[PDB]
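In: A structural model of the following input is requested.
(chains A and B)
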Amino acid sequence: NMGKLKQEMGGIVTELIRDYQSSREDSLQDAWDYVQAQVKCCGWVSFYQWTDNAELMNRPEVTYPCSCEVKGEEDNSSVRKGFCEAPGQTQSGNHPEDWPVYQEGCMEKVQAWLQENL
Amino acid sequence: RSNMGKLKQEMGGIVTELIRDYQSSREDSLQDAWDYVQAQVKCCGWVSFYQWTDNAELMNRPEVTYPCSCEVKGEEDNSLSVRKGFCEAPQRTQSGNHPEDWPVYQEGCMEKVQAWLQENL
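Out: Numbers count the residues shown, from 1 in each chain, chains lettered A, B, ... in the order given. Sure, structure below:
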């Protein structure tokens, strides 16, 4: 019964990544941005699942979710939403291999994070 | 309802079944994730803590027993103190499990998680 719930959980997150709109303020989008920023991960299985987001991949520049971006930990903090344009990166289309984002998916890192601190 | 609302309801459906199938002895990452939410956001159940009464194992206990992650507790210094499993209320009368006796957070996680997200982003 738990294997069914885990797969349904992964299915919701996958469609959430597909339907993510950078301009809309939504609590479900906020919760996912929080997980990616705090657990330090991108996507569910991998960050390439964000390539199924039509709005993201239609950008002319290297654009990625801001919550996925590799960043240091602040003092007493911390989650940026929406889409971020890569620093320095010609208008040659969106390139996922160029995203300065965490390379591990949140599926694997959340379980490791849970088995480590609780 | 919008496409995000229907993902929100499906997410709430998983949590409801997760609470029903919750086993105090099993080590599971999905159970761990829910215990973390209840302890950190300080809430119990999805809509309300009465959803835990759908857990047959919990309601079959002879004493006042509640999820440990729901328990009212102070915040530790630099520590994510999250207790798993079922907790028995602080020798007592063996008159069955009474949810009205649970020293747990009275707010459901559905309402409280959005408030936590809408405040500190």
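In: Could you find the closest non-adjacent residue to residue A:83?
Out: The shortest distance from residue A:83 to any non-neighbouring residue, by Cβ to Cβ, 6 or more residues apart in numbering or on different chains, is to residue A:22 (4.2 Å). Quick note: C-beta positions are derived from backbone N, CA and C, even for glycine.
In: The closest residue to residue A:46 other than its chain neighbours: what's it in contact with?
Out: Here the nearest residue to residue A:46 in space, its sequence neighbours aside, is residue A:105; by Cβ to Cβ, 6+ apart that works out to 4.5 Å. The contact partners of residue A:105, taken as Cβ atoms under 8 Å, 6 or more residues apart in numbering or on different chains, are A:41, A:42, A:43, A:44, A:45, A:46, A:47, A:49.
In: next one: residue A:24
Out: Applying Cβ under 8 Å, 6+ apart, one finds that residue A:24 lies in contact with residue B:4.
In: What about residue A:48, how many residues nearby?
Out: Per other Cβ atoms under 10 Å in any protein chain shown, the neighbour tally for residue A:48 reads 13.
In: neighbours around residue A:73, how many?
Out: With neighbours defined by other Cβ under 10 Å, the count for residue A:73 comes to 8.
In: brain fart, residue A:17
Out: By the criterion of other Cβ under 10 Å, residue A:17 has 22 neighbours.
In: can you give me the helices for chain A?
Out: Per DSSP state H, chain A carries helices over the ranges A:2-19, A:27-38, A:54-57, A:106-117.
In: Give me the residue at the spatial middle of chain A.
Out: The structure's chain A has its C-alpha centroid closest to residue A:42; by Cα atoms, centre = their mean the separation is 3.8 Å.
In: Spell out which residues of chain A are next to chain B.
Out: Residues of chain A that fall close to chain B, judged by Cβ under 8 Å from any Cβ of the partner chain: A:1-2, A:5-6, A:8-9, A:12, A:15-16, A:19, A:24, A:26-31, A:34, A:79, A:81, A:110-111, A:114-115, A:117-118.
In: Buried ones from these, can you make that a ChimeraX selection?
Out: Buried members of the residues of chain A next to chain B, identified by 16 or more other Cβ atoms under 10 Å in any protein chain shown, are gathered into one ChimeraX selection as follows:
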select /A:2,5,6,9,12,15,16,19,26,27,28,29,30,31,34,79,81,110,111,114,118
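In: hmm, back to that, scan the contacts of residue A:105 and report the most crowded one.
Out: Sorting the contacts of residue A:105 by how many neighbours each has (other Cβ under 10 Å) puts residue A:42 first, at 28 neighbours.
In: quick one on the thing from earlier: ok, the residue nearest to residue A:83 - how many residues close by?
Out: Other residues lying near residue A:22 total 16 when counted by other Cβ under 10 Å.
In: what's the distance between it and chain B?
Out: 14 Å (Cβ to the nearest Cβ, to the nearest Å).
In: Residue A:84 is in contact with that residue, correct?
Out: No. Using Cβ atoms under 8 Å, residue A:22 and residue A:84 do not qualify as a contacting pair, with a distance of 9.2 Å.
In: Report the contact partners of the residue lying closest to residue A:10 once chain neighbours are set aside.
Out: Using Cβ to Cβ, 6+ apart and skipping residues adjacent in sequence, the residue nearest residue A:10 is residue A:44, 5.5 Å away. Neighbour list for residue A:44: A:10, A:13, A:14, A:17, A:105, A:106, A:107 [criterion: Cβ under 8 Å, 6+ apart].
In: now do residue A:100
Out: A:64, A:69, A:70, A:86, A:87 are the contacts of residue A:100 under Cβ under 8 Å, 6+ apart.
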